[PDB]
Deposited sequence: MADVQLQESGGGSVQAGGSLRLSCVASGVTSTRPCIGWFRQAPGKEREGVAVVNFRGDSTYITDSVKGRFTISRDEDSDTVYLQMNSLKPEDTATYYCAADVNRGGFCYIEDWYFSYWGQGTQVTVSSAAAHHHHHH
């Protein structure tokens, strides 16, 4: 199996930033498309990146604040965070599309355990 190791979650204030990472191991043939998904509600897409670094985002609003990049190690840089960005973030892999990507979860067969991201309003935030 492809194995996915997530890191970089935490608790921040609204307007803050976090950088998630996902490291894929167990890749023996096709390098995977790596995607980030989140679930606060149903699971939803965020962004995906193909084996050569080309990215696709769920919406323009998301693309304006988050950036996905690839070194099989992928980063999701999250800026200008909204309270509503609070969720468990999951990385996922698709090795059945030649290394290329779709944004939808039904193309992904390997899932990380999830990493919690908590974004608090100014009134609620404590270090």
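Where C-alpha coordinates are absent, the deposited sequence of this PDB chain has the segments 1-2, 43-44, 76-78, 135-137.
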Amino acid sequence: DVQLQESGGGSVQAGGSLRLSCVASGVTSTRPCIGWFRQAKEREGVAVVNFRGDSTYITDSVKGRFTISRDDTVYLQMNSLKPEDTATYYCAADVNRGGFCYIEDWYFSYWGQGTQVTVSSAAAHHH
From here on, numbers count along this sequence of modelled residues.
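According to the PDB record, 23-31 carries the higher mean C-alpha B-factor of the two stretches 23-31 and 93-101. Comparing the deposited coordinates for 1-9 and 118-126, the stretch with the larger average C-alpha B-factor is 1-9. Out of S69, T88, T59, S80, it is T59 whose C-alpha atom has the highest B-factor in the PDB entry. Split the chain's modelled residues into thirds by C-alpha temperature factor. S55 is in the middle one.
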